[PDB]
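Colleague: Quick one, work-v9.csv (CSV, C-alpha atoms):
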chain,number,residue,atom,x,y,z
A,1492,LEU,CA,73.3,155.9,68.8
A,1493,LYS,CA,70.8,154.7,71.4
A,1494,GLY,CA,72.2,151.3,70.6
A,1495,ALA,CA,75.7,152.7,70.6
A,1496,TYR,CA,75.7,154.6,73.8
A,1497,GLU,CA,74.6,151.7,75.9
A,1498,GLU,CA,77.2,149.3,74.5
A,1499,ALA,CA,79.8,152.0,75.0
A,1500,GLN,CA,78.6,152.4,78.6
A,1501,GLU,CA,79.3,148.8,79.5
A,1502,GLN,CA,82.7,149.2,77.9
A,1503,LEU,CA,83.3,151.9,80.4
A,1504,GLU,CA,82.4,149.4,83.1
A,1505,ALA,CA,84.9,146.9,81.7
A,1506,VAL,CA,87.7,149.4,81.4
A,1507,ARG,CA,87.1,150.9,84.9
A,1508,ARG,CA,87.1,147.4,86.4
A,1509,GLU,CA,90.6,146.4,85.2
A,1510,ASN,CA,91.9,149.9,86.1
A,1511,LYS,CA,90.9,149.6,89.7
A,1512,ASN,CA,92.1,146.0,89.6
A,1513,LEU,CA,95.6,147.1,88.6
A,1514,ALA,CA,95.4,150.0,90.9
A,1515,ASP,CA,95.4,147.4,93.6
A,1516,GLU,CA,98.2,145.6,91.8
A,1517,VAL,CA,100.5,148.6,91.6
A,1518,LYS,CA,100.7,149.1,95.4
A,1519,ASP,CA,101.5,145.5,96.5
A,1520,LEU,CA,104.2,145.3,93.8
A,1521,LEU,CA,105.5,148.5,95.2
A,1522,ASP,CA,105.4,146.7,98.6
A,1523,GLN,CA,107.3,143.8,96.9
A,1524,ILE,CA,110.3,146.1,96.1
A,1525,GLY,CA,110.0,147.5,99.6
A,1526,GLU,CA,110.7,144.4,101.7
A,1527,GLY,CA,112.8,143.1,98.8
A,1528,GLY,CA,114.7,146.4,99.1
A,1529,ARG,CA,115.3,145.4,102.7
A,1530,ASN,CA,116.1,141.9,101.6
A,1531,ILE,CA,119.1,143.0,99.6
A,1532,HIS,CA,120.5,144.9,102.6
A,1533,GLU,CA,120.4,142.0,105.1
A,1534,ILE,CA,122.3,139.6,102.9
A,1535,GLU,CA,124.8,142.4,102.4
A,1536,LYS,CA,124.8,142.9,106.1
A,1537,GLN,CA,126.0,139.3,106.8
A,1538,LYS,CA,128.7,139.7,104.1
A,1539,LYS,CA,130.8,142.6,105.3
B,1492,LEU,CA,71.8,162.1,73.7
B,1493,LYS,CA,75.0,163.3,71.9
B,1494,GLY,CA,75.9,165.4,74.9
B,1495,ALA,CA,76.5,162.3,76.9
B,1496,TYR,CA,78.4,160.7,74.0
B,1497,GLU,CA,80.5,163.8,73.5
B,1498,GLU,CA,81.4,163.4,77.2
B,1499,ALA,CA,81.7,159.7,77.1
B,1500,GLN,CA,84.0,159.4,74.0
B,1501,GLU,CA,86.2,162.0,75.8
B,1502,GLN,CA,85.9,160.1,79.0
B,1503,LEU,CA,86.5,156.6,77.7
B,1504,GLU,CA,89.5,157.9,75.7
B,1505,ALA,CA,90.9,159.6,78.8
B,1506,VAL,CA,90.4,156.7,81.1
B,1507,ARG,CA,92.0,154.3,78.5
B,1508,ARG,CA,94.9,156.7,78.5
B,1509,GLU,CA,95.3,156.1,82.2
B,1510,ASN,CA,95.2,152.4,81.6
B,1511,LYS,CA,98.3,152.3,79.5
B,1512,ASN,CA,99.8,155.0,81.7
B,1513,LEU,CA,99.7,152.4,84.5
B,1514,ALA,CA,100.1,149.3,82.4
B,1515,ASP,CA,103.7,150.1,81.4
B,1516,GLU,CA,104.4,150.7,85.1
B,1517,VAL,CA,103.2,147.2,85.7
B,1518,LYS,CA,106.0,146.2,83.3
B,1519,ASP,CA,108.4,148.8,84.8
B,1520,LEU,CA,108.0,147.5,88.3
B,1521,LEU,CA,108.3,144.0,86.7
B,1522,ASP,CA,111.7,145.0,85.3
B,1523,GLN,CA,112.6,146.5,88.7
B,1524,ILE,CA,111.9,143.3,90.7
B,1525,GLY,CA,113.6,141.3,88.0
B,1526,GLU,CA,116.7,143.5,88.1
B,1527,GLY,CA,116.8,142.8,91.8
B,1528,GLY,CA,116.1,139.1,91.0
B,1529,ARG,CA,119.3,138.9,89.1
B,1530,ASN,CA,121.0,141.1,91.8
B,1531,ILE,CA,119.8,139.2,94.9
B,1532,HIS,CA,120.8,135.8,93.4
B,1533,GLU,CA,124.2,136.8,92.0
B,1534,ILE,CA,125.6,138.3,95.2
B,1535,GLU,CA,124.4,135.4,97.3
B,1536,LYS,CA,126.4,133.2,95.0
B,1537,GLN,CA,129.4,135.3,96.0
B,1538,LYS,CA,128.5,134.7,99.7
B,1539,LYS,CA,128.6,130.9,99.3
The structure in this file should be written as structure tokens.

Modeller:
Amino acid sequence: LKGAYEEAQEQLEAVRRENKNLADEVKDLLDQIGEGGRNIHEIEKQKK
Amino acid sequence: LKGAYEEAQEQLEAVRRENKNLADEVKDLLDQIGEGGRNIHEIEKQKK
């Protein structure tokens, strides 16, 4: 297990790394639908 | 040594749960921006 616990430990470092990576990637994609949500209104605004 | 592993195997399972809890939202926002991506391009075809 002394072999197992250390190789498990680095796997926590790998899983945490992608989690905080995508935690950065959820907010900017949320920002993408923000200005894009403004983008659908302004091309509607020129229409009517 | 098992007391860490009993914590870790609970921890690594719980964190990997939060991975796939956010990973589908990466797809769910990807469906969201794509649904606008059909929407923003089809109504602009109506404008022209």

Colleague: Just the number, please: distance in Å from atom CA of residue 1506 of chain A to atom CA of residue 1516 of chain B, one decimal.

Modeller: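 Atom-to-atom, atom CA of residue 1506 of chain A to atom CA of residue 1516 of chain B, that is 17.2 Å.
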
Colleague: I need the chain A residues near chain B as a ChimeraX atom specification; criterion: at most 10 Å, counting all atoms listed in the file.

Modeller: /A:1492-1493,1495-1497,1499-1500,1502-1504,1506-1507,1509-1511,1513-1514,1516-1517,1520-1521,1523-1524,1527-1528,1530-1532,1534-1535,1537-1539

Colleague: To one decimal in Å, tell me the separation between atom CA of residue 1518 of chain A and atom CA of residue 1519 of chain B.

Modeller: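 It comes out at 13.1 Å.
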
Colleague: To one decimal place in Å, what is the distance between atom CA of residue 1498 of chain A and atom CA of residue 1498 of chain B?

Modeller: 15.0 Å

Colleague: Could I get segment 1492-1537 of chain B from the block written out with N, CA and C atoms, as an mmCIF file, in the first residue's frame?

Modeller:
data_model
loop_
_atom_site.group_PDB
_atom_site.id
_atom_site.type_symbol
_atom_site.label_atom_id
_atom_site.label_comp_id
_atom_site.auth_asym_id
_atom_site.auth_seq_id
_atom_site.Cartn_x
_atom_site.Cartn_y
_atom_site.Cartn_z
ATOM 1 N N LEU B 1492 -1.563 4.063 8.060
ATOM 2 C CA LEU B 1492 -1.442 4.320 6.639
ATOM 3 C C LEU B 1492 -2.773 4.098 5.952
ATOM 4 N N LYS B 1493 -3.616 3.233 6.509
ATOM 5 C CA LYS B 1493 -4.919 3.019 5.890
ATOM 6 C C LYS B 1493 -5.836 4.199 6.149
ATOM 7 N N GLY B 1494 -5.577 4.938 7.227
ATOM 8 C CA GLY B 1494 -6.434 6.058 7.576
ATOM 9 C C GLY B 1494 -6.349 7.197 6.582
ATOM 10 N N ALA B 1495 -5.207 7.335 5.918
ATOM 11 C CA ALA B 1495 -5.138 8.263 4.802
ATOM 12 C C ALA B 1495 -5.857 7.694 3.597
ATOM 13 N N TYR B 1496 -5.628 6.414 3.314
ATOM 14 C CA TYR B 1496 -6.194 5.781 2.133
ATOM 15 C C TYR B 1496 -7.703 5.688 2.236
ATOM 16 N N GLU B 1497 -8.218 5.491 3.449
ATOM 17 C CA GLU B 1497 -9.661 5.526 3.648
ATOM 18 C C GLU B 1497 -10.190 6.933 3.425
ATOM 19 N N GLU B 1498 -9.381 7.942 3.730
ATOM 20 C CA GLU B 1498 -9.766 9.302 3.391
ATOM 21 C C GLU B 1498 -9.589 9.548 1.903
ATOM 22 N N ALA B 1499 -8.475 9.081 1.341
ATOM 23 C CA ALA B 1499 -8.132 9.418 -0.034
ATOM 24 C C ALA B 1499 -9.074 8.764 -1.031
ATOM 25 N N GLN B 1500 -9.394 7.487 -0.816
ATOM 26 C CA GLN B 1500 -10.286 6.795 -1.735
ATOM 27 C C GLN B 1500 -11.696 7.343 -1.640
ATOM 28 N N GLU B 1501 -12.043 7.944 -0.503
ATOM 29 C CA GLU B 1501 -13.269 8.727 -0.444
ATOM 30 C C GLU B 1501 -13.068 10.080 -1.108
ATOM 31 N N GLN B 1502 -11.877 10.659 -0.966
ATOM 32 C CA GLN B 1502 -11.641 11.981 -1.524
ATOM 33 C C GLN B 1502 -11.565 11.925 -3.037
ATOM 34 N N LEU B 1503 -10.780 10.989 -3.563
ATOM 35 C CA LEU B 1503 -10.570 10.921 -5.000
ATOM 36 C C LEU B 1503 -11.836 10.489 -5.718
ATOM 37 N N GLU B 1504 -12.687 9.718 -5.048
ATOM 38 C CA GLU B 1504 -13.973 9.394 -5.642
ATOM 39 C C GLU B 1504 -14.874 10.618 -5.655
ATOM 40 N N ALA B 1505 -14.817 11.429 -4.599
ATOM 41 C CA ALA B 1505 -15.718 12.570 -4.506
ATOM 42 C C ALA B 1505 -15.285 13.692 -5.435
ATOM 43 N N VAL B 1506 -13.979 13.857 -5.618
ATOM 44 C CA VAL B 1506 -13.497 14.900 -6.509
ATOM 45 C C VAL B 1506 -13.751 14.508 -7.956
ATOM 46 N N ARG B 1507 -13.591 13.220 -8.276
ATOM 47 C CA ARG B 1507 -13.858 12.760 -9.637
ATOM 48 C C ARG B 1507 -15.344 12.822 -9.957
ATOM 49 N N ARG B 1508 -16.191 12.758 -8.928
ATOM 50 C CA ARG B 1508 -17.607 13.051 -9.110
ATOM 51 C C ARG B 1508 -17.804 14.496 -9.553
ATOM 52 N N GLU B 1509 -17.040 15.419 -8.968
ATOM 53 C CA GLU B 1509 -17.195 16.826 -9.311
ATOM 54 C C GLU B 1509 -16.574 17.140 -10.662
ATOM 55 N N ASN B 1510 -15.682 16.277 -11.144
ATOM 56 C CA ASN B 1510 -15.205 16.402 -12.513
ATOM 57 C C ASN B 1510 -16.340 16.220 -13.499
ATOM 58 N N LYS B 1511 -17.002 15.067 -13.444
ATOM 59 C CA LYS B 1511 -18.082 14.781 -14.379
ATOM 60 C C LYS B 1511 -19.332 15.582 -14.046
ATOM 61 N N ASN B 1512 -19.372 16.192 -12.864
ATOM 62 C CA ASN B 1512 -20.434 17.145 -12.583
ATOM 63 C C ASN B 1512 -20.210 18.438 -13.353
ATOM 64 N N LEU B 1513 -18.955 18.759 -13.661
ATOM 65 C CA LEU B 1513 -18.693 19.965 -14.429
ATOM 66 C C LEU B 1513 -18.441 19.648 -15.890
ATOM 67 N N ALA B 1514 -18.068 18.405 -16.191
ATOM 68 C CA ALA B 1514 -17.686 18.058 -17.557
ATOM 69 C C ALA B 1514 -18.889 18.040 -18.490
ATOM 70 N N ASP B 1515 -20.052 17.637 -17.981
ATOM 71 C CA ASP B 1515 -21.256 17.695 -18.802
ATOM 72 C C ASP B 1515 -21.700 19.132 -19.009
ATOM 73 N N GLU B 1516 -21.433 19.996 -18.030
ATOM 74 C CA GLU B 1516 -21.759 21.407 -18.189
ATOM 75 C C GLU B 1516 -20.856 22.066 -19.216
ATOM 76 N N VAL B 1517 -19.651 21.525 -19.412
ATOM 77 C CA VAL B 1517 -18.831 21.943 -20.540
ATOM 78 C C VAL B 1517 -19.538 21.602 -21.840
ATOM 79 N N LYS B 1518 -20.186 20.443 -21.888
ATOM 80 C CA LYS B 1518 -20.994 20.120 -23.054
ATOM 81 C C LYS B 1518 -22.293 20.914 -23.060
ATOM 82 N N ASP B 1519 -22.881 21.147 -21.881
ATOM 83 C CA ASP B 1519 -24.186 21.804 -21.832
ATOM 84 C C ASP B 1519 -24.087 23.270 -22.219
ATOM 85 N N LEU B 1520 -22.984 23.924 -21.874
ATOM 86 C CA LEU B 1520 -22.759 25.255 -22.415
ATOM 87 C C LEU B 1520 -22.396 25.178 -23.890
ATOM 88 N N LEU B 1521 -21.771 24.076 -24.310
ATOM 89 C CA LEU B 1521 -21.421 23.927 -25.718
ATOM 90 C C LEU B 1521 -22.661 23.706 -26.567
ATOM 91 N N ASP B 1522 -23.681 23.057 -26.004
ATOM 92 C CA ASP B 1522 -24.962 23.003 -26.696
ATOM 93 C C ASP B 1522 -25.647 24.360 -26.673
ATOM 94 N N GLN B 1523 -25.400 25.150 -25.626
ATOM 95 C CA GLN B 1523 -26.068 26.437 -25.497
ATOM 96 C C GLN B 1523 -25.546 27.441 -26.516
ATOM 97 N N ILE B 1524 -24.222 27.551 -26.644
ATOM 98 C CA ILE B 1524 -23.638 28.488 -27.599
ATOM 99 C C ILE B 1524 -23.878 28.012 -29.027
ATOM 100 N N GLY B 1525 -23.994 26.699 -29.222
ATOM 101 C CA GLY B 1525 -24.291 26.192 -30.550
ATOM 102 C C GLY B 1525 -25.730 26.443 -30.944
ATOM 103 N N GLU B 1526 -26.637 26.396 -29.964
ATOM 104 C CA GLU B 1526 -28.044 26.670 -30.240
ATOM 105 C C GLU B 1526 -28.233 28.135 -30.588
ATOM 106 N N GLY B 1527 -27.451 29.009 -29.962
ATOM 107 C CA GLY B 1527 -27.382 30.374 -30.440
ATOM 108 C C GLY B 1527 -26.685 30.463 -31.781
ATOM 109 N N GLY B 1528 -25.700 29.589 -32.010
ATOM 110 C CA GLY B 1528 -24.935 29.640 -33.245
ATOM 111 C C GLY B 1528 -25.761 29.274 -34.463
ATOM 112 N N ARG B 1529 -26.804 28.473 -34.266
ATOM 113 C CA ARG B 1529 -27.810 28.321 -35.305
ATOM 114 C C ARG B 1529 -28.758 29.512 -35.282
ATOM 115 N N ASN B 1530 -29.034 30.047 -34.094
ATOM 116 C CA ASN B 1530 -30.038 31.096 -33.980
ATOM 117 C C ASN B 1530 -29.518 32.428 -34.499
ATOM 118 N N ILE B 1531 -28.244 32.742 -34.244
ATOM 119 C CA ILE B 1531 -27.722 34.051 -34.626
ATOM 120 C C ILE B 1531 -27.453 34.095 -36.127
ATOM 121 N N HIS B 1532 -27.292 32.932 -36.751
ATOM 122 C CA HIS B 1532 -26.954 32.927 -38.165
ATOM 123 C C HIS B 1532 -28.196 32.797 -39.031
ATOM 124 N N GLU B 1533 -29.270 32.226 -38.485
ATOM 125 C CA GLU B 1533 -30.474 32.034 -39.285
ATOM 126 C C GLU B 1533 -31.285 33.320 -39.356
ATOM 127 N N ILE B 1534 -31.300 34.093 -38.272
ATOM 128 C CA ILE B 1534 -32.098 35.310 -38.267
ATOM 129 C C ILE B 1534 -31.373 36.418 -39.025
ATOM 130 N N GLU B 1535 -30.042 36.333 -39.111
ATOM 131 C CA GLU B 1535 -29.302 37.309 -39.897
ATOM 132 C C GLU B 1535 -29.506 37.053 -41.380
ATOM 133 N N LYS B 1536 -29.770 35.796 -41.744
ATOM 134 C CA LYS B 1536 -30.157 35.482 -43.112
ATOM 135 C C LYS B 1536 -31.500 36.115 -43.441
ATOM 136 N N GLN B 1537 -32.376 36.237 -42.443
ATOM 137 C CA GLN B 1537 -33.643 36.918 -42.665
ATOM 138 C C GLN B 1537 -33.436 38.414 -42.853
#
